[PDB]
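We're numbering straight along the sequence, starting at 1. In listed order, ligands and their atoms are each counted from 1. When reading the values below, keep in mind they use all heavy atoms of this one structure, side chains included, and skip hydrogens, waters and symmetry mates.
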Amino acid sequence: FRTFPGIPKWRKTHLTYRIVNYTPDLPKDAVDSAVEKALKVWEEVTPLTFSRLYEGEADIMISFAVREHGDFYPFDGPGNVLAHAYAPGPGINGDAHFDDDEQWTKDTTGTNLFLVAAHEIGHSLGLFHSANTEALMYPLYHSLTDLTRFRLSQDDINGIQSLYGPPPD
Ligand SMILES: COc1ccc(S(=O)(=O)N2CCCSC(C)(C)[C@H]2C(=O)NO)cc1
Ligand SMILES: [Ca+2]
Ligand SMILES: [Ca+2]
Ligand SMILES: [Ca+2]
Ligand SMILES: [Zn+2]
Ligand SMILES: [Zn+2]
């Protein structure tokens, strides 16, 4: 694994997230599940717990966007940059933006929202890219992984616990 520079990490175990908008590519219900499951992944190996807001500024603001969308890094159309996110911190920090010029699916017939969400949310949590090929934090986008056999890799578990520790009990 690999954390960020100056090793940013939230100074609190409980984080709030908010889904700011919805992609026309999937039923609102599928977008919710992906985010909740992307969150389960990390929540299971650390003291981190999460809750949802429907208003106010949440730590982890999630949203879909196209091209220019409010920051300095406009999205680039279909493919290539799938989504980007920010390290822990105030305001735009911790937020995750998804490119809608991608076709977000619940399976692998395009860009799986879960798989890509878990990885972006690790960013919000403070993890940078991993050199480990079998790691979820690898800049790894592969459409050949059954969803069925997915499991966070020891590399991912190592790096996030480096920051927050193992589960309390
Ligand atoms: C499994 O999770 C993911 C999430 C994003 C990408 S990506 O294709 O958008 N991307 C890899 C390819 C270069 S661009 C990037 C730096 C913005 C980077 C990425 O990991 N965003 O955090 C790939 C796999
Ligand atoms: Ca934020
Ligand atoms: Ca793109
Ligand atoms: Ca789309
Ligand atoms: Zn953005
Ligand atoms: Zn990434």
Side-chain angles (χ1 to χ4, degrees), residues 3-43 46-129 136-145 147 159-160 163-164:
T3 52
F4 272 110
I7 304 86
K9 52 156 286 175
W10 310 83
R11 210 227 116 164
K12 43 178 194 173
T13 54
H14 188 267
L15 303 172
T16 58
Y17 68 105
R18 167 182 186 199
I19 293 165
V20 194
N21 73 20
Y22 289 86
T23 178
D25 312 40
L26 217 34
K28 303 216 299 182
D29 191 5
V31 173
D32 278 14
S33 291
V35 171
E36 292 167 1
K37 290 185 49 177
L39 298 168
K40 299 290 179 177
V41 173
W42 304 107
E43 183 164 347
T46 69
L48 293 175
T49 68
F50 307 90
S51 78
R52 185 170 181 186
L53 295 176
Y54 294 89
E55 66 197 33
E57 261 270 280
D59 298 316
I60 303 173
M61 297 288 274
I62 291 167
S63 66
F64 301 80
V66 185
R67 304 281 149 195
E68 296 290 329
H69 56 272
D71 57 33
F72 290 112
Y73 293 97
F75 278 144
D76 52 18
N80 297 302
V81 173
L82 304 182
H84 61 209
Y86 306 80
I92 204 178
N93 278 90
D95 303 357
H97 307 155
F98 306 74
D99 182 344
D100 233 320
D101 279 335
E102 317 303 320
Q103 183 71 33
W104 300 106
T105 65
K106 60 203 296 171
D107 54 3
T108 56
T109 54
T111 300
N112 194 76
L113 184 50
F114 164 66
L115 184 65
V116 174
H119 168 108
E120 296 302 309
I121 277 176
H123 276 324
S124 302
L125 298 190
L127 291 184
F128 182 55
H129 297 129
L136 173 76
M137 289 310 306
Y138 193 71
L140 184 63
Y141 206 63
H142 60 231
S143 65
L144 283 198
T145 77
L147 290 184
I160 195 67
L163 296 184
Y164 306 114

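The Ca ion (ligand 4) forms the vertex of an angle spanning OD2 of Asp25 and O of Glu102; to the nearest 10 degrees it equals 70°. Taking the Ca ion (ligand 3) as the corner point, the angle from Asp99 atom OD2 to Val81 atom O is about 90° (rounded to 10 degrees).
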**OP:** Run the numbers on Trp10 and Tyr164 for side-chain contact (heavy atoms from CB on, under 4.5 Å), then give the verdict.
**Re:** CA-CA 9 Å; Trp10 310 83; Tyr164 306 114; 3.4 Å; yes

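Minimum interatomic distance between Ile121 and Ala38 (heavy atoms only, all atoms of both residues): CD1-CB, 3.8 Å.
Here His69 and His84 bring their ring centres to under 6.0 angstrom of each other.
The nearest N/O/S atom of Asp76 to the Ca ion (ligand 3) is OD1. Nearest N, O or S atom of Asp95 to the Ca ion (ligand 2): atom OD1. Among heteroatoms of the N, O or S kind in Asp59, O lies nearest the Ca ion (ligand 2).
At a cut-off of 3.0 Å, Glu57 does not coordinate the Ca ion (ligand 2) through any N, O or S atom. Coordination check, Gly91 versus the Ca ion (ligand 2): passed, since an N/O/S atom of the residue sits under 3.0 Å. Between the Ca ion (ligand 4) and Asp100 there is an N/O/S contact shorter than 3.0 Å. Backbone or side-chain N, O or S atoms of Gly79 reach the Ca ion (ligand 3) at under 3.0 Å. With a cut-off of 3.0 Å, the Ca ion (ligand 3) has no N, O or S atom of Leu82 in range. Metal site remark for the Ca ion (ligand 2): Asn93 contributes an N, O or S atom at a distance under 3.0 Å.
Between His129 and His123, the two ring planes are perpendicular [angle over 60°; tilted spans 30° to 60°]. Note: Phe64 and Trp104 have perpendicular aromatic rings, judged against thresholds of 30 and 60 degrees for the angle between ring planes.
Between the NE2 atom in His97 and the OH atom in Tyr86 there is a gap of 5.5 Å [rounded to 0.5 Å].
Residues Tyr141 and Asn112 have side chains that never bring a donor and an acceptor to within less than 3.5 angstrom of each other. For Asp100 and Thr23, the side-chain atoms include at least one donor-acceptor pair closer than 3.5 Å.
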